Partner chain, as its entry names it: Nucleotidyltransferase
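Shown below, as structure tokens, is a lone chain in the form solved without its partner chain; questions about how it binds or moves come after it.
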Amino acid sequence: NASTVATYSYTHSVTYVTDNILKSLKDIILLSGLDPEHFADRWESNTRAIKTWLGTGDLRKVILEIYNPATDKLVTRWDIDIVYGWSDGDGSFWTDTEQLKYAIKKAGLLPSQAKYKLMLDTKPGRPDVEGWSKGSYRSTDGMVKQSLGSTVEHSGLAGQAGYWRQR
């Protein structure tokens, strides 16, 4: 019953990064005061699509739009860009989301019926994933983007986070 330092496969690094990207978005929703039920019901569906396109390397961005349904316009948006720096499974792994909390406060109060929508930005030749079809981004005009640094990494596979707020 000995444990020793593990060498991890790429699929393991993908699984780790996928689970922690969704956890950070779950924390953004919790800290924003939004209903977590919608994101929770989609947890495995979102997981499958993110792992699929991280496995092929086609996934460019994970995007959470927070919008107002009365106006259909963005209130805030949260971006996580993928960095494909995976050379081997012997690299370090970590999560860091402490700065997301302060960005949510910077973004300010949200309207009473605010909702969220998850979007995945991919290369065009991406394999099809059941249930996932072409979407369109809500307009970011009149908003400002600020990068927040890397929120997750596992052995070179990393996610760089940023967000959009109204000026």
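Rigid core: the largest C-alpha set superposing within 1.5 Å between the two forms. Residue numbers count along the first chain shown, from 1.
Keep in mind the form deposited with its partner chain bound is missing from the figure; the text below concerns it.
*Asks:* Each of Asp72, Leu74 and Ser139 within 4.5 Å of its partner chain in the entry with it bound, by any heavy atom, yes or no?
*Replies:* No.
*Asks:* With the cut-off set at 4.5 Å between non-hydrogen atoms, does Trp86 touch its partner chain in the entry with it bound?
*Replies:* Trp86 lies outside the contact set for its partner chain.
*Asks:* Given that the partner is absent here, does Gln99 sit within 4.5 Å of its partner chain in the entry with it bound, heavy atoms only?
*Replies:* It does: once its partner chain is placed as it appears in the entry with it bound, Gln99 has a heavy atom within 4.5 Å of it.
*Asks:* Pick out the residues of 106 to 122 whose heavy atoms come within 4.5 Å of its partner chain in the entry with it bound.
*Replies:* Only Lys106 sits within 4.5 Å of the partner.
*Asks:* Could you check which of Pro127, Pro36, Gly131, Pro111 shows a C-alpha shift of 2 Å or more between this form and the one not shown after a rigid core superposition?
*Replies:* Single residue meeting the criterion: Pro111.
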